[PDB]
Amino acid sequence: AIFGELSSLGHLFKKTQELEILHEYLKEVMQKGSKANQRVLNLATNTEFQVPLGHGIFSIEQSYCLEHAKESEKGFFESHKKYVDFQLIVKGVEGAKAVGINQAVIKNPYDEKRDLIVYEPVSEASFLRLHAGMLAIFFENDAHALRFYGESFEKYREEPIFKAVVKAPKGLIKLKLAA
């Protein structure tokens, strides 16, 4: 898994044509007052909206309240095969747990239509505190569970967060420490 500020991770998206619209989209969604930003912040709670980005890439814009205490056995632990997740928090704070799929127990085997494997919870997993402007990238080996709150951002149990989950085909996204 990768995580960090979108504004520090721009170099990840340069010099590739397929990624160009995507990077533009991530920046637009974060820009206060932009069309994409206004659209995302106008989402009714517990709804989503899909935006096509070309080359098999699309964004799932969503808003919801946090559900699970970080110190609990709750949460929906999942991983994917076709797609890499680019999770961008637009407003609010979200807790994410992440663990390697080889450390997790499969509950529901891969469902191709939903591009989804479901795991038993791993409560003690790494915990990412994703505030607005932070990007978390989850690959095939990253089991992840979202919608956690911690004591410092408990208000988002009743005040919705806003985010985009960009799905990009893994065939396009090949993480390397070299170009």
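Heads up: residue numbers just count along the shown sequence, starting at 1.
Higher mean CA B-factor, judged across 130-138 and 110-118 from the recorded values: 110-118. The question of which stretch, 53-61 or 121-129, has the higher mean Cα B factor is settled in favour of 121-129.
Highest CA B-factor among the listed residues (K163, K170, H23, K167): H23. When the Cα B-factors of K70, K27, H144, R39 are read from the PDB record, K70 comes out highest. Per the PDB record, residue ranking by Cα B-factor puts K74 in the highest third of the chain.
Ranked within its chain, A1 lands in the lowest third, by CA B factor from the PDB record.
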